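Colleague: This is the structure I have questions about; it appears just below.
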Amino acid sequence: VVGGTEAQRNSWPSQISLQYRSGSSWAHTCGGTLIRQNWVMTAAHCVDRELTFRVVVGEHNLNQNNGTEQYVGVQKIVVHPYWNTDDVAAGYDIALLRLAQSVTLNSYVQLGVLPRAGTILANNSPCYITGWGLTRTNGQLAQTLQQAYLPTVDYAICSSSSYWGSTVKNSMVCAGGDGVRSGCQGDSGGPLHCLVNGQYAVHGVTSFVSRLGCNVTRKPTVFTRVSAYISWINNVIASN
Ligand SMILES: *C(=O)c1c(Cl)cccc1NC(=O)[C@@H](NC(=O)OC(C)(C)C)C(C)C
Ligand SMILES: [Ca+2]
């Protein structure tokens, strides 16, 4: 997150870190949302490589023992059947990870609340992006979970030429674009938390930014609109 602030330790407890076994270490690659004690929603792009993946729930500081962490194997990965690796702009940037164990819910580890199917937000809707990804374009990962206020930019504005044009579909959410605050490499797969009837719900899954750079004026961070996927999501869960 570019232009963030250090989150309080307990503000976002459906945040996970998506990690890969890197030599004899584990490295942070992505974000996620714990949506069941045994199911994590992430980007398809985050599980494109054939790597060994684990999830960490209760994470605050990537480099230090918080005493809250739970470390869990990925058992199964189901990417959306229309995801294409070479077309992120075609959307379907969603995966559902079944973990090896169920996690224990406490004040640090809670389920994300997902939108009702088909819910769109009004432009300029109040939303936060969370993550441990780069804190500058071409910069470095954060050690602590950062959060940025990133209002939504409605489709009609977002899909306009001056914004993203046709790169953005209506199965996506666009949020931000101020030139100062954004998602960046490493936040991908994570939550866009939006305040709806007094409750934060996960409306985004962080998918992409502009190749010019992460914080670019009139290039919002682009998210997979979760509310376009709720039957899919429940259909995977019911059946696996
Ligand atoms: C998200 O996929 C993403 C965004 Cl939101 C903007 C720019 C690039 C990417 N790429 C990624 O996040 C890649 N992850 C990555 O580089 O993770 C770190 C920085 C931790 C090494 C994915 C392809 C995994
Ligand atoms: Ca830690």
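Residues are named by chain letter and number: chains run A, B, ... in the order of the structure tokens, numbers start at 1 in each chain, and ligands are numbered from 1 in the order shown.
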Write out, as JSON lines, each residue of chain A that has an atom at most 6 Å from ligand 1, together with the closest pair of atoms and their distance in Å to one decimal, counting only C-alpha atoms and all ligand atoms, rows going by chain and rising number.

Modeller:
{"residue": "A:28", "atom": "CA", "partner": "ligand 1", "partner_atom_place_in_ligand_line": "20 (C)", "distance": 5.2}
{"residue": "A:29", "atom": "CA", "partner": "ligand 1", "partner_atom_place_in_ligand_line": "20 (C)", "distance": 3.9}
{"residue": "A:30", "atom": "CA", "partner": "ligand 1", "partner_atom_place_in_ligand_line": "24 (C)", "distance": 5.8}
{"residue": "A:45", "atom": "CA", "partner": "ligand 1", "partner_atom_place_in_ligand_line": "23 (C)", "distance": 5.6}
{"residue": "A:46", "atom": "CA", "partner": "ligand 1", "partner_atom_place_in_ligand_line": "24 (C)", "distance": 4.4}
{"residue": "A:133", "atom": "CA", "partner": "ligand 1", "partner_atom_place_in_ligand_line": "20 (C)", "distance": 5.9}
{"residue": "A:183", "atom": "CA", "partner": "ligand 1", "partner_atom_place_in_ligand_line": "5 (Cl)", "distance": 5.5}
{"residue": "A:184", "atom": "CA", "partner": "ligand 1", "partner_atom_place_in_ligand_line": "6 (C)", "distance": 4.4}
{"residue": "A:185", "atom": "CA", "partner": "ligand 1", "partner_atom_place_in_ligand_line": "12 (O)", "distance": 3.7}
{"residue": "A:186", "atom": "CA", "partner": "ligand 1", "partner_atom_place_in_ligand_line": "17 (O)", "distance": 3.7}
{"residue": "A:187", "atom": "CA", "partner": "ligand 1", "partner_atom_place_in_ligand_line": "5 (Cl)", "distance": 5.5}
{"residue": "A:188", "atom": "CA", "partner": "ligand 1", "partner_atom_place_in_ligand_line": "1 (C)", "distance": 3.6}
{"residue": "A:206", "atom": "CA", "partner": "ligand 1", "partner_atom_place_in_ligand_line": "5 (Cl)", "distance": 5.4}
{"residue": "A:207", "atom": "CA", "partner": "ligand 1", "partner_atom_place_in_ligand_line": "5 (Cl)", "distance": 4.9}
{"residue": "A:208", "atom": "CA", "partner": "ligand 1", "partner_atom_place_in_ligand_line": "5 (Cl)", "distance": 3.9}
{"residue": "A:209", "atom": "CA", "partner": "ligand 1", "partner_atom_place_in_ligand_line": "6 (C)", "distance": 4.7}

Colleague: What would the file look like if the residues just selected were written as a PDB file, in the first residue's frame with C-alpha atoms?

Modeller:
ATOM      1  CA  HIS A  28       4.956 -12.966   1.434  1.00  0.00           C
ATOM      2  CA  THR A  29       3.513 -12.806  -2.098  1.00  0.00           C
ATOM      3  CA  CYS A  30      -0.109 -11.784  -1.702  1.00  0.00           C
ATOM      4  CA  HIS A  45      -3.073 -14.288 -10.358  1.00  0.00           C
ATOM      5  CA  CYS A  46      -1.500 -15.092  -6.884  1.00  0.00           C
ATOM      6  CA  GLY A 133       2.728  -4.882  -0.287  1.00  0.00           C
ATOM      7  CA  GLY A 183      -2.499  -0.765  -3.950  1.00  0.00           C
ATOM      8  CA  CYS A 184       0.831  -1.968  -5.138  1.00  0.00           C
ATOM      9  CA  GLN A 185       2.730  -5.221  -5.883  1.00  0.00           C
ATOM     10  CA  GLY A 186       2.105  -7.563  -2.947  1.00  0.00           C
ATOM     11  CA  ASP A 187      -1.332  -6.236  -2.023  1.00  0.00           C
ATOM     12  CA  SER A 188      -2.902  -8.373  -4.875  1.00  0.00           C
ATOM     13  CA  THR A 206      -6.966  -6.446  -5.315  1.00  0.00           C
ATOM     14  CA  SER A 207      -6.189  -7.315  -8.907  1.00  0.00           C
ATOM     15  CA  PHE A 208      -4.113  -4.652 -10.716  1.00  0.00           C
ATOM     16  CA  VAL A 209      -2.656  -1.186 -11.119  1.00  0.00           C
TER      17      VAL A 209
END

Colleague: Please identify every polymer residue within 10 Å of ligand 2, using only C-alpha atoms and all ligand atoms, and present the set as a PyMOL selection string.

Modeller: chain A and resi 56-70+143-144

Colleague: Please dump the current selection as a PDB file, in the first residue's frame; keep N, CA and C atoms.

Modeller:
ATOM      1  N   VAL A  56      -1.038 -17.346   6.453  1.00  0.00           N
ATOM      2  CA  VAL A  56      -0.961 -16.837   7.838  1.00  0.00           C
ATOM      3  C   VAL A  56      -2.033 -15.823   8.222  1.00  0.00           C
ATOM      4  N   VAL A  57      -2.854 -16.260   9.177  1.00  0.00           N
ATOM      5  CA  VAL A  57      -3.878 -15.501   9.855  1.00  0.00           C
ATOM      6  C   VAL A  57      -3.407 -14.911  11.197  1.00  0.00           C
ATOM      7  N   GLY A  58      -3.954 -13.721  11.560  1.00  0.00           N
ATOM      8  CA  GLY A  58      -3.454 -13.100  12.782  1.00  0.00           C
ATOM      9  C   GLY A  58      -2.118 -12.360  12.666  1.00  0.00           C
ATOM     10  N   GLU A  59      -1.699 -12.165  11.422  1.00  0.00           N
ATOM     11  CA  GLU A  59      -0.434 -11.564  11.111  1.00  0.00           C
ATOM     12  C   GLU A  59      -0.584 -10.080  11.239  1.00  0.00           C
ATOM     13  N   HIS A  60       0.406  -9.476  11.868  1.00  0.00           N
ATOM     14  CA  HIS A  60       0.567  -7.992  11.910  1.00  0.00           C
ATOM     15  C   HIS A  60       1.945  -7.561  11.354  1.00  0.00           C
ATOM     16  N   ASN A  61       3.034  -8.063  11.946  1.00  0.00           N
ATOM     17  CA  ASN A  61       4.371  -7.810  11.503  1.00  0.00           C
ATOM     18  C   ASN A  61       4.984  -9.040  10.831  1.00  0.00           C
ATOM     19  N   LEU A  62       5.245  -8.880   9.536  1.00  0.00           N
ATOM     20  CA  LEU A  62       5.716 -10.022   8.744  1.00  0.00           C
ATOM     21  C   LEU A  62       7.028 -10.640   9.268  1.00  0.00           C
ATOM     22  N   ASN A  63       7.894  -9.811   9.833  1.00  0.00           N
ATOM     23  CA  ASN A  63       9.276 -10.169  10.211  1.00  0.00           C
ATOM     24  C   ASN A  63       9.400 -10.511  11.684  1.00  0.00           C
ATOM     25  N   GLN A  64       8.297 -10.405  12.420  1.00  0.00           N
ATOM     26  CA  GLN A  64       8.421 -10.536  13.873  1.00  0.00           C
ATOM     27  C   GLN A  64       7.297 -11.297  14.477  1.00  0.00           C
ATOM     28  N   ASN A  65       7.631 -12.026  15.518  1.00  0.00           N
ATOM     29  CA  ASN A  65       6.591 -12.782  16.239  1.00  0.00           C
ATOM     30  C   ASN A  65       5.612 -11.888  17.051  1.00  0.00           C
ATOM     31  N   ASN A  66       4.326 -11.870  16.641  1.00  0.00           N
ATOM     32  CA  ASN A  66       3.250 -11.035  17.174  1.00  0.00           C
ATOM     33  C   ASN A  66       2.604 -11.708  18.350  1.00  0.00           C
ATOM     34  N   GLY A  67       2.905 -12.990  18.398  1.00  0.00           N
ATOM     35  CA  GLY A  67       2.251 -13.955  19.273  1.00  0.00           C
ATOM     36  C   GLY A  67       0.789 -14.171  18.888  1.00  0.00           C
ATOM     37  N   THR A  68       0.305 -13.786  17.668  1.00  0.00           N
ATOM     38  CA  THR A  68      -1.078 -14.043  17.348  1.00  0.00           C
ATOM     39  C   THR A  68      -1.322 -15.015  16.178  1.00  0.00           C
ATOM     40  N   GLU A  69      -0.230 -15.209  15.407  1.00  0.00           N
ATOM     41  CA  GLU A  69      -0.187 -15.900  14.118  1.00  0.00           C
ATOM     42  C   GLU A  69      -0.659 -17.339  14.248  1.00  0.00           C
ATOM     43  N   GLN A  70      -1.430 -17.782  13.221  1.00  0.00           N
ATOM     44  CA  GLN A  70      -1.630 -19.155  12.853  1.00  0.00           C
ATOM     45  C   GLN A  70      -1.274 -19.493  11.408  1.00  0.00           C
ATOM     46  N   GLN A 143       6.700  -4.003   6.608  1.00  0.00           N
ATOM     47  CA  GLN A 143       6.737  -5.108   7.598  1.00  0.00           C
ATOM     48  C   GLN A 143       5.465  -5.245   8.421  1.00  0.00           C
ATOM     49  N   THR A 144       4.795  -4.062   8.539  1.00  0.00           N
ATOM     50  CA  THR A 144       3.507  -4.044   9.191  1.00  0.00           C
ATOM     51  C   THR A 144       2.318  -3.692   8.280  1.00  0.00           C
TER      52      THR A 144
END

Colleague: List the spatial neighbours of region 15-19 of chain A as a short mmCIF file (atom, residue, chain, number, x, y, z; two decimals) with N, CA and C atoms, in the first residue's frame - criterion: any atom at most 10 Å away, only C-alpha atoms, same-chain residues fewer than 3 positions off excluded.

Modeller:
data_model
loop_
_atom_site.label_atom_id
_atom_site.label_comp_id
_atom_site.auth_asym_id
_atom_site.auth_seq_id
_atom_site.Cartn_x
_atom_site.Cartn_y
_atom_site.Cartn_z
N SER A 11 -7.69 -4.16 13.75
CA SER A 11 -8.72 -3.60 12.89
C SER A 11 -9.18 -4.54 11.81
N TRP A 12 -8.28 -5.30 11.20
CA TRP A 12 -8.69 -6.08 9.98
C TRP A 12 -8.48 -7.58 9.95
N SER A 22 10.24 -20.41 -0.20
CA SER A 22 11.24 -19.71 -1.01
C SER A 22 12.70 -20.11 -0.66
N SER A 25 12.96 -20.74 3.27
CA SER A 25 12.18 -19.72 3.93
C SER A 25 10.79 -19.59 3.30
N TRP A 26 9.99 -18.68 3.80
CA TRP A 26 8.66 -18.46 3.27
C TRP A 26 8.57 -16.96 3.00
N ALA A 27 8.07 -16.63 1.84
CA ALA A 27 7.98 -15.25 1.55
C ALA A 27 6.55 -14.84 1.25
N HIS A 28 6.26 -13.56 1.66
CA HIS A 28 4.96 -12.97 1.43
C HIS A 28 4.76 -12.71 -0.05
N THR A 29 3.63 -13.16 -0.63
CA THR A 29 3.51 -12.81 -2.10
C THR A 29 2.26 -11.98 -2.45
N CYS A 30 1.27 -12.17 -1.63
CA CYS A 30 -0.11 -11.78 -1.70
C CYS A 30 -0.86 -11.62 -0.42
N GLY A 31 -1.91 -10.91 -0.59
CA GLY A 31 -3.06 -10.87 0.31
C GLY A 31 -4.17 -11.89 0.05
N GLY A 32 -5.11 -11.94 0.98
CA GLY A 32 -6.31 -12.81 0.99
C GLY A 32 -7.34 -12.32 2.03
N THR A 33 -8.49 -12.97 2.09
CA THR A 33 -9.55 -12.86 3.05
C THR A 33 -9.96 -14.27 3.47
N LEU A 34 -9.94 -14.49 4.79
CA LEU A 34 -10.52 -15.65 5.45
C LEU A 34 -12.03 -15.51 5.46
N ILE A 35 -12.67 -16.31 4.61
CA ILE A 35 -14.07 -16.29 4.37
C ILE A 35 -14.88 -17.40 5.03
N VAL A 40 -10.09 -19.38 2.03
CA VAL A 40 -9.51 -18.07 1.88
C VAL A 40 -9.76 -17.62 0.43
N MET A 41 -10.27 -16.38 0.24
CA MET A 41 -10.55 -15.87 -1.08
C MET A 41 -9.35 -15.02 -1.44
N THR A 42 -8.76 -15.15 -2.64
CA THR A 42 -7.56 -14.47 -3.11
C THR A 42 -7.70 -14.24 -4.60
N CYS A 46 -2.37 -14.81 -8.00
CA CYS A 46 -1.50 -15.09 -6.88
C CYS A 46 -1.14 -16.57 -6.80
N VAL A 47 -2.03 -17.38 -7.36
CA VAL A 47 -1.72 -18.77 -7.49
C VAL A 47 -1.53 -19.37 -8.88
N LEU A 51 3.92 -23.36 -6.94
CA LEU A 51 4.66 -23.11 -5.73
C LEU A 51 4.00 -23.83 -4.58
N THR A 52 4.72 -23.97 -3.43
CA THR A 52 4.12 -24.42 -2.16
C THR A 52 3.68 -23.16 -1.39
N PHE A 53 2.38 -23.12 -1.08
CA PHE A 53 1.69 -21.97 -0.48
C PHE A 53 1.27 -22.29 0.94
N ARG A 54 1.46 -21.30 1.79
CA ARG A 54 0.77 -21.28 3.09
C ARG A 54 0.10 -19.93 3.37
N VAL A 55 -0.84 -19.98 4.32
CA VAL A 55 -1.59 -18.88 4.80
C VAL A 55 -1.18 -18.60 6.23
N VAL A 56 -1.04 -17.35 6.45
CA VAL A 56 -0.96 -16.84 7.84
C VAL A 56 -2.03 -15.82 8.22
N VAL A 57 -2.85 -16.26 9.18
CA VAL A 57 -3.88 -15.50 9.86
C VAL A 57 -3.41 -14.91 11.20
N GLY A 58 -3.95 -13.72 11.56
CA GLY A 58 -3.45 -13.10 12.78
C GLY A 58 -2.12 -12.36 12.67
N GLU A 59 -1.70 -12.16 11.42
CA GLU A 59 -0.43 -11.56 11.11
C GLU A 59 -0.58 -10.08 11.24
N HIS A 60 0.41 -9.48 11.87
CA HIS A 60 0.57 -7.99 11.91
C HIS A 60 1.94 -7.56 11.35
N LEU A 62 5.25 -8.88 9.54
CA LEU A 62 5.72 -10.02 8.74
C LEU A 62 7.03 -10.64 9.27
N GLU A 69 -0.23 -15.21 15.41
CA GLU A 69 -0.19 -15.90 14.12
C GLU A 69 -0.66 -17.34 14.25
N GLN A 70 -1.43 -17.78 13.22
CA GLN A 70 -1.63 -19.15 12.85
C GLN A 70 -1.27 -19.49 11.41
N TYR A 71 -0.42 -20.53 11.27
CA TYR A 71 0.22 -20.97 10.05
C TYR A 71 -0.41 -22.27 9.55
N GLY A 73 -1.31 -24.76 6.04
CA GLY A 73 -1.14 -25.37 4.69
C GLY A 73 -2.31 -25.03 3.73
N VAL A 74 -2.00 -24.83 2.40
CA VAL A 74 -3.10 -24.91 1.43
C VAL A 74 -3.27 -26.36 0.94
N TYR A 108 -8.18 -11.34 16.60
CA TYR A 108 -7.19 -11.23 15.54
C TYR A 108 -7.56 -12.03 14.29
N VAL A 109 -8.45 -13.00 14.36
CA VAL A 109 -8.81 -13.84 13.29
C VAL A 109 -10.33 -14.02 13.22
N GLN A 110 -10.94 -13.38 12.25
CA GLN A 110 -12.38 -13.35 12.03
C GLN A 110 -12.71 -13.55 10.55
N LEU A 111 -13.92 -14.00 10.23
CA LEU A 111 -14.36 -14.18 8.84
C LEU A 111 -14.59 -12.79 8.30
N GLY A 112 -14.30 -12.61 7.02
CA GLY A 112 -14.72 -11.44 6.25
C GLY A 112 -16.16 -11.58 5.92
N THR A 130 -6.19 -2.86 2.47
CA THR A 130 -5.17 -3.31 3.41
C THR A 130 -4.10 -4.23 2.79
N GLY A 131 -2.93 -4.24 3.33
CA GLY A 131 -1.95 -5.12 2.79
C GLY A 131 -0.53 -4.84 3.25
N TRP A 132 0.36 -5.85 3.02
CA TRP A 132 1.74 -5.71 3.22
C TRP A 132 2.53 -5.52 1.92
N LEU A 145 1.15 -4.28 8.56
CA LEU A 145 -0.08 -4.14 7.76
C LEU A 145 -0.51 -2.70 7.71
N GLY A 186 2.18 -7.04 -4.36
CA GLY A 186 2.11 -7.56 -2.95
C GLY A 186 0.79 -7.38 -2.26
N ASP A 187 -0.02 -6.32 -2.60
CA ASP A 187 -1.33 -6.24 -2.02
C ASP A 187 -2.32 -7.11 -2.76
N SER A 188 -2.05 -7.51 -4.05
CA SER A 188 -2.90 -8.37 -4.88
C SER A 188 -3.54 -9.59 -4.17
N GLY A 189 -4.86 -9.74 -4.23
CA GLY A 189 -5.56 -10.87 -3.66
C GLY A 189 -6.30 -10.46 -2.41
N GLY A 190 -5.86 -9.31 -1.87
CA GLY A 190 -6.38 -8.81 -0.61
C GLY A 190 -7.70 -8.07 -0.77
N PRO A 191 -8.29 -7.76 0.37
CA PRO A 191 -9.51 -6.99 0.58
C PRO A 191 -9.48 -5.47 0.27
#

Colleague: Distance CA of residue 201 (chain A)-CA of residue 224 (chain A), one decimal place?

Modeller: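 CA of residue 224 (chain A) lies at a distance of 14.0 Å from CA of residue 201 (chain A).
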
Colleague: When you look at residue 159 (chain A) with a cut-off of 12 Å (counting only C-alpha atoms), what residues show up, excluding the ones that are within fewer than 3 positions of it in the same chain? I need them as a PDB file with C-alpha atoms, in the first residue's frame.

Modeller:
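Saved result, result_26.pdb, follows:
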ATOM      1  CA  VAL A 153     -14.720   5.291  -8.526  1.00  0.00           C
ATOM      2  CA  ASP A 154     -17.867   4.154 -10.211  1.00  0.00           C
ATOM      3  CA  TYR A 155     -17.826   2.177 -13.425  1.00  0.00           C
ATOM      4  CA  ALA A 156     -18.973   4.950 -15.684  1.00  0.00           C
ATOM      5  CA  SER A 162      -9.251   9.374 -19.126  1.00  0.00           C
ATOM      6  CA  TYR A 163      -9.387   6.599 -16.538  1.00  0.00           C
ATOM      7  CA  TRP A 164      -9.041   3.011 -17.511  1.00  0.00           C
ATOM      8  CA  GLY A 165     -11.153   2.858 -20.707  1.00  0.00           C
ATOM      9  CA  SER A 166     -12.070  -0.598 -21.774  1.00  0.00           C
ATOM     10  CA  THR A 167      -9.530  -2.201 -19.609  1.00  0.00           C
ATOM     11  CA  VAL A 168     -12.087  -2.142 -16.751  1.00  0.00           C
ATOM     12  CA  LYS A 169     -15.163  -4.314 -16.797  1.00  0.00           C
ATOM     13  CA  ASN A 170     -18.331  -4.146 -14.708  1.00  0.00           C
ATOM     14  CA  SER A 171     -17.184  -7.284 -12.854  1.00  0.00           C
ATOM     15  CA  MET A 172     -14.532  -5.021 -11.323  1.00  0.00           C
ATOM     16  CA  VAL A 173     -14.412  -2.262  -8.604  1.00  0.00           C
ATOM     17  CA  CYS A 174     -12.283   0.774  -9.007  1.00  0.00           C
ATOM     18  CA  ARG A 218      -6.744   8.838 -12.634  1.00  0.00           C
ATOM     19  CA  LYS A 219      -5.633   5.204 -12.555  1.00  0.00           C
ATOM     20  CA  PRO A 220      -7.431   3.622  -9.623  1.00  0.00           C
ATOM     21  CA  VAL A 222      -8.648  -2.279  -9.793  1.00  0.00           C
TER      22      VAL A 222
END

Colleague: Pick the closest to residue 200 (chain A) from A:121, A:127, A:134, A:79: which is it, counting only C-alpha atoms?

Modeller: A:127

Colleague: CA of residue 202 (chain A) and CA of residue 75 (chain A), how far apart in Å?

Modeller: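 Interatomic distance here is 23.4 Å.
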